[PDB]
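Each chain, written out:
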Amino acid sequence: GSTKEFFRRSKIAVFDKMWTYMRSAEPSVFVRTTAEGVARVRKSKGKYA
Amino acid sequence: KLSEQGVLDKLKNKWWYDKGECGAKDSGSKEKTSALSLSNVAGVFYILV
């Protein structure tokens, strides 16, 4: 989506560091759909944003 | 030419630190406080007996 493409091509120093973490992270922080993303927030006990 | 452009420093920062499993802020972020154990105040019992 346009949300992921925003952090990829950004040149702001705050946003460059956020894309560096999400690139090199195991397990994958990226989700398939929006309903899966809201589902991870409710069940991870405050560890996922 | 690569050394003066900081390209040799940009590559060493990428493979060593960004591919690092634990970062500097990773171990720094975790704090916890613990109750006193018996091994701390064990000497006062030894004086008492």
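Residues numbered from 1 in each chain as written, not as in the entry; some residues may be left out. Chains lettered and ligands numbered in written order. Part of a larger assembly, values for the part shown. Heavy atoms only, no water.

As stated in the entry header, the method of structure determination is cryo-EM and the reported resolution is 3.6 Å.

Digging into the overall build of chain B
Heads up, the condition is: In this text, helices come from DSSP runs of H or I with a minimum length of four residues, and strands from runs of E with a minimum of two, each type numbered from the N-terminal end. For the exposure calls, accessible area comes from a 1.4 Å probe over protein chains only, and a residue counts as buried if that area is under 20% of its type's maximum, exposed if over 50%, partly exposed in between. Values of accessible area rely on a 1.4 Å probe in the Shrake-Rupley scheme; residue burial ignores everything except the protein chains shown. Only four residue types enter the tally: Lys and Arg on the positive side, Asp and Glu on the negative side; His and the chain ends are excluded. The atoms used to mark charge sites are NZ of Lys, CZ of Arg, CG of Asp and CD of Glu.
Within chain B one finds 3 helices and 0 strands. Reading chain B from its N terminus to its C terminus gives the helix and strand order α-α-α. In terms of overall dimensions, chain B has C-alpha extents of about 75 × 15 × 15 Å along its principal axes. Looking at chain B residue by residue over its 49 residues, the buried ones come to 2%. Total accessible area on chain B stands at roughly 5200 Å², and carbon and sulfur atoms take up 59% of it. Of the charged side chains in chain B, 8 are positive and 6 negative, and the gap between their average positions amounts to 3 Å.

Quick notes on the overall build of chain A
Along its length, chain A carries 3 helices and 0 strands. Reading chain A from its N terminus to its C terminus gives the helix and strand order α-α-α. Along the longest, intermediate and shortest principal axes, the C-alpha atoms of chain A span 35 × 20 × 15 Å. Counting every position in chain A, which comprises 49 residues, the buried fraction comes to 8%. Just so you have it, chain A exposes about 4500 Å², and 58% of that area is on carbon and sulfur atoms. Measuring between centres, the 12 positive side-chain charges of chain A sit 5 Å from its 4 negative side-chain charges.

Digging into the side chain of A:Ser10
Heads up, the rule is: Only heavy atoms matter for contacts: two residues are in contact if any of them lie within 4.5 Å across the pair.
Mapped onto the elements, A:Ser10 comes out in the loop between α1 (2-8) and α2 (13-23). Not counting chain neighbours up to four residues away, the residues in contact with A:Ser10 comprise A:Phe15 and A:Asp16.

Here we look at a positive patch on the surface
This is how the line gets drawn: Exposure above 30% relative accessible area and the lack of any salt bridge qualify a residue for a patch; like charges then connect within 9 Å, and the nonpolar side chains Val, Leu, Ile, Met, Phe, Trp and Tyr within 5 Å. A carboxyl oxygen of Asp or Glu within 4 Å of a side-chain nitrogen of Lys or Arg is what we treat as a salt bridge.
On the surface, a cluster of positive charge is made up of A:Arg23, B:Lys10, B:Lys14 and B:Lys19. Here B:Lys19 falls in the partly exposed class, since its relative accessible area comes to 42%.

Remarks on the pattern of salt bridges
Pairing between side chains of opposite charge can happen when their charged atoms approach one another. Residue and element names in this part refer to chain A. Within this structure, the stated rule accounts for 2 salt bridges over all chains. In this structure, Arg8 and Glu5 form a salt bridge, with 3.0 Å as the shortest nitrogen-oxygen distance. Taken together, the residues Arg8 and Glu5, both in helix α1 and 3 residues apart, mark about one turn of the helix. Take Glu5: its relative accessible area is 32%, and that puts it in the partly exposed class. Among the ionic pairs, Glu36 bridges to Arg32, the shortest N-O distance being 3.2 Å. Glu36 gets classed as partly exposed once you look at its relative accessible area, which sits at 28%. For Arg32, a relative accessible area of 78% puts it in the exposed group.

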